[PDB]
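Below, each chain spelled out in residue letters.
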Amino acid sequence: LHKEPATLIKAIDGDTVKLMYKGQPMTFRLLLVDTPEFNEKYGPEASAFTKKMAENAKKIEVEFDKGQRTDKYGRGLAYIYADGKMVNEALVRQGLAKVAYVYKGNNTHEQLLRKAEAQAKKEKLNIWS
Ligand SMILES: Cc1cn([C@H]2C[C@H](OP(=O)(O)O)[C@@H](COP(=O)(O)O)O2)c(=O)[nH]c1=O
Ligand SMILES: [Ca+2]
């Protein structure tokens, strides 16, 4: 897998961000994770976490997996990095997302995220509290 440059246009919620990628705007949906919706418990905290992570970053990168790069709603599917730190993994490690939507062929970072979920759960963090 390879990291590609992109720039934040706007944070949207816990697991979706609008980025400029190859000079076109697109909504990216974070691979392998599921945050609460804004109206649900921890929804606002997941949104605020992803917003601060993305907005604070000097450099945002997108990393596609081996499989489909857009979903059925035309959203990009990627691992997103903020100054080298994976947002997907970070949300999970904080108990602000569950591992979810694991489809064959786009699952390269599954065990890494599962490892992070295990530790958030062990710590009784947020969603796991
Ligand atoms: C994360 C991800 C979501 N999706 C689709 C599955 C779900 O379809 P359905 O909308 O029919 O339930 C939806 C969940 O996205 P959200 O969690 O953003 O709502 O997005 C993919 O198809 N591939 C993916 O990798
Ligand atoms: Ca969601």
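Throughout, a per-chain count from 1 in the order the sequence is written supplies the residue numbers; the entry may number residues differently, and those without coordinates are omitted. Just so you know, chain letters begin at A and ligand numbers begin at 1, following the order they were written in. Computation of side-chain values covers all heavy atoms of the structure but excludes hydrogens and water.

Per the PDB record, the structure was determined using X-ray crystallography to 1.9000 Å resolution.

### Re the coordination of the calcium ion (ligand 2)
Any nitrogen, oxygen or sulfur atom within 2.8 Å of a metal ion counts as a donor, with the limit raised to 3.2 Å for Na, K and Ca, and since water is left out, coordination shells can look unfinished. Around the calcium ion (ligand 2), the donor atoms from the protein are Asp 15 (OD), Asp 34 (OD) and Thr 35 (O), and they sit 2.7 to 3.0 Å away. Donor residues binding the calcium ion (ligand 2) come from one chain and are separated in sequence as D-x18-D-T. One end of the pair, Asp 15, is in the loop between β1 (4–11) and β2 (16–21); the other, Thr 35, is in the loop between β4 (33–34) and α1 (43–56), and 20 residues separate them in sequence. Only DSSP runs of H or I reaching four residues or more are called helices, and only runs of E reaching two or more are called strands; each is numbered from the N terminus.

### Considering the site of ligand 1
Lining the immediate surroundings of ligand 1 are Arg 29, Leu 31, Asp 34, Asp 71, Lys 72, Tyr 73, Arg 75, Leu 77, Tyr 101 and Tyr 103. In the analysis that follows, any N or O atom pair within 3.5 Å is treated as a polar contact, provided that within protein one partner can donate a hydrogen and the other can accept it, and provided that, for residues neighboring in sequence, both atoms belong to side chains. A distance of 2.6 Å separates an oxygen atom of ligand 1 from a polar atom in the side chain of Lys 72. Within the side chain of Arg 75, an N or O atom sits 2.8 Å from an oxygen atom of ligand 1. When ligand 1 sits alone it has 550 Å² of accessible area, and the protein chains cover 73% of it. Class assignment for the residues of the shell around ligand 1 results in five nonpolar, no polar and five charged. Summary of the distance rule: residues count as near a molecule or strand when at least one heavy atom falls within 4 Å of that molecule or strand. Under the convention used here, a 1.4 Å probe and the Shrake-Rupley method define accessible areas, while residue burial counts only the protein chains that appear. Residues are grouped as follows: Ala, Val, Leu, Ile, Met, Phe, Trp, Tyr, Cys and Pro are nonpolar; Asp, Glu, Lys and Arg are charged; all remaining types, including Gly, are polar.

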